[PDB]
Amino acid sequence: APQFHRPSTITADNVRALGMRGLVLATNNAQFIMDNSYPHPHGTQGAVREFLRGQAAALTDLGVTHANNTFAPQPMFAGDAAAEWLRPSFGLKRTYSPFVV
Amino acid sequence: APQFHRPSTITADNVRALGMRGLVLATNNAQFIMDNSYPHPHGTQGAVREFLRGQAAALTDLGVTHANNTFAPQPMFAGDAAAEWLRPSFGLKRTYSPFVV
Amino acid sequence: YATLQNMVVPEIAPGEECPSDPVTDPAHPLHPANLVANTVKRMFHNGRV
């Protein structure tokens, strides 16, 4: 469990193991006093670098729980097809409704 | 127990002992003729400060009876968040209907 | 980016359709039960889209 009032606490695995919904209220219930007794070893700019890599890895975990809601992502653009010498590489204008009943 | 027809009966406890709904009826059903034999000792305008403090506290009573109906007051403006060194603070423009099914 | 991947997504009921209205359906993410302070789907509702 990471503590958001200390820069030397947040790692990538502490944010990823916490859920996306649980990441909302954990950041809103922190401490207003910022502690400077133990800073991050890569500087204060490096603690921003470590925290947000765990959020984008949690979007991949959110896509797993919603894999029964959307479909397999088709290739979007040209140049990517298995058999290109008889048919071209298609690509979707993704304006549809990705939804599984 | 307050009585509206005399100056020196209304105190702070006398306004808040009756709620918002009952204060509609008893002030619309009070006496026309004002008595003046023993006025309010801080003057007849001093009790004007004494009554109306119980009204804005009487919707904090109605805030509790609708705490199971309305929402928690989110900060309407920025600057109010526990963490401001990694994430910003929004503020909800409370155009929404405080309404819980 | 810290408030783009910051939203409230309720899980859909088994056998129910998609939420379309933020005003009535509480499973909609822009519903006033989901409009928390400091988030962007409430900022989808502060600035109404």
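Read-outs throughout are calculated quantities, based only on the coordinates presented, and are distinct from any laboratory measurement. As a convention, Cβ positions derive from the backbone with ideal geometry for all residues, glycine included, and neighbour counts pool all protein chains shown.
Can you sort A:89, B:8 from fewest to most other Cβ atoms within 10 Å of each residue's own Cβ?
On the way: A:89 13, B:8 16.
Going from least to most buried by this count: A:89, B:8.
Let me check against my output: what whole-number percent is the relative contact order of chain C, with C-alpha pairs under 8 Å and at least 6 apart?
32
222 nm [θ] for chain C, helices only, -39500 (n - 2.57) per DSSP H run of 4+, per residue, to 500?
Details: 1 runs with 4 residues, N = 49.
Helices in chain C give a 222 nm mean residue ellipticity of -1000 deg cm²/dmol.
Let me know the shape class of region B:2-51, please: from the alpha-carbon gyration tensor, a ≥ b ≥ c as square roots of the eigenvalues, rounded when a/c is under 1.5, otherwise prolate if a/b is greater than b/c, or oblate. Could the numbers behind the result be given before it?
Details: a/c = 2.51, a/b = 1.34, b/c = 1.87.
It comes out oblate by the Cα gyration axes.
Which residue, chosen from A:8, A:97, A:23, occupies the Cα position most advanced towards the positive end of the dipole of chain A, where the dipole is computed from +1 (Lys, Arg) and -1 (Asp, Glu) charges on Cβ about the Cα centre?
A:97
Within 10 Å of each Cβ in peptide A:27-33, how many partner chain Cβ atoms are there on average? Round it to a whole number, please. Display every interim value, and only then the final one.
Details: counts 8, 9, 2, 6, 2, 5, 1.
Mean partner-chain Cβ count within 10 Å for A:27-33: 5.
Would you kindly derive the ³J(HN,Hα) couplings of region C:11-24 from the backbone phi angles with the Karplus curve 6.51 cos²θ - 1.76 cosθ + 1.60 (θ = phi - 60°), listing them in order in whole Hz, with x for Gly and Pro?
Per residue, the Karplus-derived 3J(HN,Hα) values read 6, 6, 6, x, x, 10, 7, 7, x, 10, 10, x, 7, 9 Hz.
Given label points at 7 Å from Cα along Cα→Cβ, what nm distances, shortest first, separate residue B:29 from the same residue in every other copy?
4.8
In nm, give the distance between the simple-model label positions of residue B:29 and residue A:17, each being 7 Å from the Cα along the Cα-to-Cβ direction.
Taking the two extended label points, one gets 6.5 nm.
Measuring from a point 7 Å out along Cα→Cβ, what nm distances, shortest first, does residue A:61 have to its partners in the other copies?
4.8
Within region A:1-22, which residues have the backbone N less than 18 Å from the label spot 7 Å out from residue A:48 along Cα→beta-carbon, could you tell me?
From region A:1-22, the list is A:4-12.
Label position 7 Å from Cα toward Cβ: report the copy-to-copy distances for residue B:99 in nm, one decimal, ordered from shortest.
Ordered by distance, the counterparts are at 2.2 nm.
Looking for one value pair here: nearest-to-axis residue in chain B (by Cβ) for the rotation onto A, and the distance in whole angstrom.
Spelled out, residue of B and its Cβ distance from the axis onto A: B:101, 25.
Counting only helical runs of four or more DSSP H residues, what would the 222 nm mean residue ellipticity of chain A come to if each run contributes -39,500 (n - 2.57) and the total is spread over all its residues?
On the way: 4 runs with 34 residues, N = 101.
Taken over chain A, the calculation gives -9500 deg cm²/dmol.
Charges at C-beta only: +1 for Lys and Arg, -1 for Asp and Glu. How large is the resulting dipole of region C:8-49 about its Cα centre, in Debye rounded to 20? Walk me through the intermediate numbers first.
Numbers: 3 positive and 5 negative charges, 70 e Å.
That gives a dipole near 340 debye.
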